[PDB]
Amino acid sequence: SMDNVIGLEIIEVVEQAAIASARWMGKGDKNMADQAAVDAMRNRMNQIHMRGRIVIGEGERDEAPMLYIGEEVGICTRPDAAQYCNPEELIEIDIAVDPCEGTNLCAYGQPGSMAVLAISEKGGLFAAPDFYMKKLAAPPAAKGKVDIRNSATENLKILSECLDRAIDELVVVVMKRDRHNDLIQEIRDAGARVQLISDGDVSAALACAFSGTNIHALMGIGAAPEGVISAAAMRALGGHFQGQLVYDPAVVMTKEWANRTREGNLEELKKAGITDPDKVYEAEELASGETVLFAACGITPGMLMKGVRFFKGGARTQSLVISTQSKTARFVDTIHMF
């Protein structure tokens, strides 16, 4: 089992990433917001005595200079780590990062943006390809009771019984996208409510795990790697999560896949060594390791954490850190003095 110290240091990782990204809040520059976050997250991780590999991040080493897929992070990745690192610290771990989950939200001062990461031992986090993903997220009472393969209407009926709430008081977060017109209409027809977001379905899935938030499920199609980070959260909190890769451009209806074809995408999946493109992944398959760590820090306001607030001489952050190793859910409000 990995070093317990890591579950503490990641507090500072998401804090520093959030602070740096928040420096570009409402500046209208999604690139600078991402770059500051990515830079601050990496540098803080590279001060941890850990032996880490990025398995979800900014993109392939070609497509992304920093926190690329397969990048080594932590002091103990160094060739002579045996001089600086305990056996414990030498344990290999996989890391999924999203330094600024919802860069558009941070750029235009929109709620829902977070610095987020997940950690497990090697092989313990699914290395999702850069694909879309059908997601179903729901609270702990609903775990294994709802199912991604059910209709939205059936899932709401089940969720209603699980949470002991009328169906017309269930709140489903759905991403505002042309791909979701039918889904959205269905939820309405069922009698439930639809909370539309422009970006940031990770803070959405995470809200499902907590009572107090007025969020009871996430439905629809999001980005796959972000799905894995959400799954890691749910596994740690005992909430429901399932994901299924989406590869057909006719389903997702975006400009990103305007010059993509279903078959071309299928072959890309084969190249990734994915043999079952239609597979439904349980939370325990997406985050499958012995130990799961999850950390988040608010950039703009969300339902669980406030955004970063600056003041003369400093900043104030709110963070959520979850460890299956220490069995703790830890809310952290930090005043940073500059």
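In case it trips you up, residue 1 is the first one in the sequence shown, and so on.
Participant: Of 149 to 157 and 221 to 229, which one has the bigger average CA B-factor?
Facilitator: Of 149 to 157 and 221 to 229, the stretch with the higher C-alpha B-factor average is 149 to 157.
Participant: Quick check on the record: does 98 to 106 or 187 to 195 carry the larger mean Cα temperature factor?
Facilitator: Mean CA B-factor is higher for 187 to 195.
Participant: Whose CA atom has the top B-factor in the entry, of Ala166, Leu206, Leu136, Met114?
Facilitator: Checking the PDB record, the top C-alpha B-factor among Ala166, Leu206, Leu136, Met114 is at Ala166.
Participant: According to the deposited entry, which of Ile119, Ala82, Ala127, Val202 has the largest Cα B-factor?
Facilitator: Each of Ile119, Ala82, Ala127, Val202 was compared by C-alpha B-factor; the highest is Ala82.
Participant: Give the position of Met337 by CA B-factor within its chain, expressed as the lowest, middle or highest third.
Facilitator: As the PDB entry reports it, the C-alpha B-factor of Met337 lands in the middle third of its chain.
Participant: Can you tell me whether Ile274 has a C-alpha B-factor in the lowest, middle or highest third compared with the other modelled residues of the same chain?
Facilitator: As the PDB entry reports it, the C-alpha B-factor of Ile274 lands in the highest third of its chain.
Participant: Hey, what third does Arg177 fall into on Cα B-factor, ranked over its chain?
Facilitator: For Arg177, whose C-alpha B-factor we compare with every modelled residue in the chain, the answer is the lowest third.
Participant: Which third of the chain holds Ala258 when residues are ordered by C-alpha B factor: lowest, middle or highest?
Facilitator: Answer is highest: the recorded C-alpha B-factor places it there.
Participant: Sorting the chain's modelled residues by C-alpha B-factor, tell me whether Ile48 ends up in the lowest, middle or highest third.
Facilitator: For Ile48, whose C-alpha B-factor we compare with every modelled residue in the chain, the answer is the lowest third.
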